[PDB]
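Below is one structure, written out as structure tokens; comments come after it.
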């Protein structure tokens, strides 16, 4: 009837992930679908992607179909009265009846935040990875550059097996000296990502930043695509799905 | 026996306040004193100030007495293994056995965060005051200016019995366009503050920013020290105790 693109922000700490999983488990998709009826929409939400348990989102897109006559500009506010405090709709747009949040996406962007300081931070404990040791940003930037472009990224995926060639469009490191302390931010942009990939890339880069054979080691993992050569997956609370882009119309 | 000056950071949302309040409530003092014996210290902590339920601190000073031989360098880590996830020591320094965190403070600084944006922010729901309507930033600065200097701030106070005269050294607005929206930070620094004073000044300022008689109306509040004229107290989650300064002696 009317199909809308909903942008959602969520604190993923108290969710078992985005995808609805059954057996009572609390999920982002589950909670958005639980509230769609309240606005005259079918209880079905198709997401642009999938976030693991604990990972956050700034503007995760979902398309939904509303039977009702609610004006678009009224949808966020209305769904927000119904949604829990850790998941809110921060935008809505009328799209083509044809629109598909997952398939029509040009690209997806993620951001990982590391907070470098002598002591843990109660204020940012679920928002950034606390790292006590000094970090070698130069070694990290040289490894980051190895990841750019067309590669088989399976060496960084998780329970992933599937056709692994992806093309990383962007992989940059930013240091922003916040008050809660100094932060190192890793940004990644690509059409799509393997499941677990970003957290995978981040854990090995972190190893680079401390001590772990130089950026050089990342060429083997990209070449062979052998998971046992990467480092451990970075914790979920420092990861954020930033946004997805779609072609005009 | 040594007297140490501890600096603590805490997420105030799951605390009834800083000082003990009985009634079996969880407070910052309670939890710190709970941990202190694991370091061979007397289970007593005196803070530089007070924070209501929900308000935060980046560096709240506390003085404690340690009996053990523990090196100053090691107490933040030792206390942190024992403390809850929402409260940690981020600094420790030996001082005079005669040092008083509250009485010897030259000044205290506070910061309040307002985030102006169309929709709520689940990620910053316990860190900034969400405000939808734009803020007359001009009026707020005019009002802020009327607050600087020596006055009887009891009109901004709540349940205080001390002498109302204080000297507000700094009172400034800082706006930054940010990723989560427009960040409006209010900063205050004075020798000391009355109970509820900072939240009352912030609450009256929000009214100005939104539509409270002009900034002028704060004159009446300072002259008469009548709290009946002040605005509602500001929600706690946007307030942060930043730091305190002591004399080098």
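Residue numbers (the deposited numbering), protein chains in the order written: chain B, 1 to 249; chain A, 1 to 249.
For each residue, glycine too, the CB sits at the ideal point set by N, CA and C.
Taking C-beta separations shorter than 8 angstroms and ignoring five residues to either side along the sequence, the partners of residue 157 of chain B in its chain run 164, 194, 195, 196, 197, 200, 227, following chain order. For residue 56 of chain A, the chain B residues whose C-beta falls within less than 7 angstroms of its own C-beta are 123, listed in chain order. What residue 87 of chain A touches in chain B, judged by beta-carbon distance under 8 angstroms, is 122, going in chain order.
For the segment 58-129 of chain B, the full-length beta strand (DSSP E) segments reaching 3 residues or more read 87-95, 107-116 along the chain.
In this structure residue 95 of chain A is not in contact with residue 116 of chain A, their Cβ atoms being roughly 41 angstroms apart against a cut-off of 8 angstroms. Taking 8 angstroms as the threshold, the shortest C-beta distance from residue 52 of chain A to chain B does not fall below it.
Residue 82 of chain B and residue 118 of chain A have their C-alpha atoms some 17 angstroms from each other.
For residue 119 of chain B, the C-beta contacts it makes with chain A under 9 angstroms involve 9, 76, 77, 80, 88, 89, 90, 91, in order along the chain.
A straight-line Cα-Cα distance of about 8 angstroms links residue 223 of chain A and residue 151 of chain A. The Cβ atoms of residue 140 of chain A and residue 190 of chain A lie no closer than 8 angstroms to each other. Its Cα nearest to that of residue 225 of chain B, the residue B/161 stands out among B/171, B/246, B/161, B/175. CA-to-CA, the gap between residue 70 of chain B and residue 249 of chain B works out to about 21 angstroms. DSSP places residue 35 of chain A in the uninterrupted alpha helix (DSSP H) bounded by 28-35.
With contacts defined as CB atoms closer than 8 angstroms, residue 234 of chain A and residue 129 of chain A qualify as a contacting pair.
Taking a C-beta distance under 8 angstroms as the contact criterion, residue 238 of chain B and residue 113 of chain B qualify as a contact pair. Non-local C-beta neighbours of residue 53 of chain A in its own chain, meaning closer than 8 angstroms and more than five positions away in sequence, comprise 12, 15, 16, 17, 236, ordered along the chain. In this structure, the straight-line span from the alpha carbon of residue 25 of chain B to that of residue 101 of chain A is close to 47 angstroms. For residue 38 of chain B, no alpha helix (DSSP H) segment is defined, and its DSSP state is neither H nor E. Taking each of A/111, A/59, A/97 in turn and checking the Cα distance to residue 87 of chain A, the smallest one comes out for A/59.
DSSP places residue 165 of chain B inside the beta strand (DSSP E), whose first and last residues are 165-177.
When the beta-carbon positions are compared, residue 6 of chain B and residue 107 of chain B stay at least 8 angstroms from each other.
Classified as exposed, residue 98 of chain B has fewer than 16 neighbouring CB atoms from the shown chains inside 10 Å of its CB. Taking all protein chains shown into account, residue 29 of chain B has 16 or more neighbouring C-beta atoms within 10 Å of its C-beta and is therefore buried. In the assembly as shown, residue 175 of chain B is an exposed residue. Its beta-carbon has fewer than 16 other beta-carbons within 10 Å.
Around the beta carbon of residue 148 of chain B, fewer than 16 other beta carbons sit within 10 angstroms, so the residue counts as exposed. Inclusion of residue 66 of chain A and residue 80 of chain A in the CB contact set at 8 angstroms is not warranted, their separation being larger than that value. When DSSP states are grouped into helix, strand and coil, residue 203 of chain A belongs to the helix group.
Put simply, of A/146, A/207, A/178, A/111 the residue whose alpha carbon is nearest the alpha carbon of residue 136 of chain A is A/207. Residues 6, 29, 32, 33, 36, 62, 63, 64 of the same chain have their beta carbon placed closer than 8 angstroms to that of residue 45 of chain A, with the five preceding and five following residues left out of the count. Contact check for residue 84 of chain B against residue 146 of chain B fails: the beta carbons are separated by 8 angstroms or more.
Cβ atoms of residue 68 of chain B and residue 92 of chain B stay farther apart than 8 angstroms, at about 13 angstroms. Per DSSP, the beta bridge partners of residue 52 of chain A are A/17.
Secondary-structure assignment with DSSP links residue 131 of chain B through a beta bridge to B/116. In this model, residue 219 of chain A and residue 192 of chain A are separated by some 21 angstroms (Cα to Cα). For residue 245 of chain A, the enclosing beta strand (DSSP E) covers residues 239-245.
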